[PDB]
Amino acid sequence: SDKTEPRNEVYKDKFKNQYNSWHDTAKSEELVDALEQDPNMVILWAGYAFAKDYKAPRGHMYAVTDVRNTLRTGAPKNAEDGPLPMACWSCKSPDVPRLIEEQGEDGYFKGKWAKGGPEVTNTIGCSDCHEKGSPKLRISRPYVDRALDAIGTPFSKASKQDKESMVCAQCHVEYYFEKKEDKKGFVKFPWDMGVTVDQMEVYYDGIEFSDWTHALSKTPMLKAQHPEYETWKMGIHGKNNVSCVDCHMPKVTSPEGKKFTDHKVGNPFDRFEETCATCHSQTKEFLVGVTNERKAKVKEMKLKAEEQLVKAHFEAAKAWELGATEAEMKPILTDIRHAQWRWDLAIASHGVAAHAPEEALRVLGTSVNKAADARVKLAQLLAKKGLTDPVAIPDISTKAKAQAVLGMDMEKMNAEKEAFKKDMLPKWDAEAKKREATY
């Protein structure tokens, strides 16, 4: 494509300071296993890909590696195999706008994730945010322009300060895959009714959309994903239009005293002077302390919401086992769907305790309120089927125990994934090397 250069090294000794700091996200290499740290999530996501594997994000340099390696994308043997579609590449690589610009959105989104393996081998890079070889910013994905239009803030009419967050909003948002034949597997941001948890809930309910049917409760479930842009808009910094870039890509000075934009996307406290100290006079120790306090508050309510949902899902499973009808279960499943949507949207962003802690805490409160409705209705229904005692919860104290409770063959899944990693990934990179040898 004329508009995209997916090879990130092309403009490196033309834009040295930007390339070098961009490459330094490789320094953020630790992989924290969130399922291991919180096995409740295996149960909440039962029947869905996230019950297999879910880790915290690390540096942008690892995006293609991590989508390749997660158990969620499976072990496809050919371009028509594997569980997930092409759309799983969309926020991982500057080869995505290359493919969209050459084949159109309809050509890009067609088919399996495995199909794009040979084509999507460059990780998150310059062409995702920039015009080719230029410092100018751009939106490189058409579905992003559609989403910005939908909330009335098109990129073409946005201020410089607005665009700084919009380039991150290409990826750091809640999304779903459309179902209609002409948009099958297209990425869409569910923003037509607004970006609050309540508006998005109305959107999804209006089209009767579900990401999966829960393996225990049979609830039509919604999955939230990293809603940084939607939740940043709710926090006081976003209300002041303090941009993602102000904290995550701050203006820094070279050893020679030249200012440039720090491209090492990571922890803003690592550049405390240049980030928080730009606008605040408090010490780093104070502001780190405040941030850790909100993380603790959000975590407390997160676990309370999760404990209610775990019990709700097993209680619903027991209700089905005791002969509940679909009509008896319909209002309970609605409550479970909404309760878990609210928990998931509240904490799916690993930055929410910094970006919008009060919104996270409000939303987790509404989660518990819906879970309480579901569980009281379940307690009455279970009693009509003859059970007036608590429903037993199996041992789910570890990720391995939870996945086994669900009947998941983790040994086989890991073995097949390792064989895929060893056999298929070399072939993909060998094909990409051959193709890039043109260009």
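Numbers follow the displayed sequence, beginning with 1.
Between the stretches 206-214 and 159-167, it is 159-167 that shows the larger average CA temperature factor. For the pair 42-50 and 396-404, the record assigns the higher mean C-alpha temperature factor to 396-404.
Per the PDB entry, 251 shows the highest C-alpha temperature factor of the residues 188, 251, 233, 304.
Among 257, 365, 227, 351, the highest C-alpha B-factor in the deposited entry belongs to 257. Annotation for residue 28: CA B-factor lies in the highest third of the chain's modelled residues. Ranked within its chain, residue 277 lands in the highest third, by CA B factor from the PDB record.
Per-chain ranking of the deposited C-alpha B factor places residue 293 in the highest third. Per the deposited record, the Cα B-factor of residue 138 falls in the middle third when ranked against the other modelled residues of its chain. Among the modelled residues of its chain, residue 271 has a C-alpha B-factor that falls in the highest third, as given in the PDB entry.
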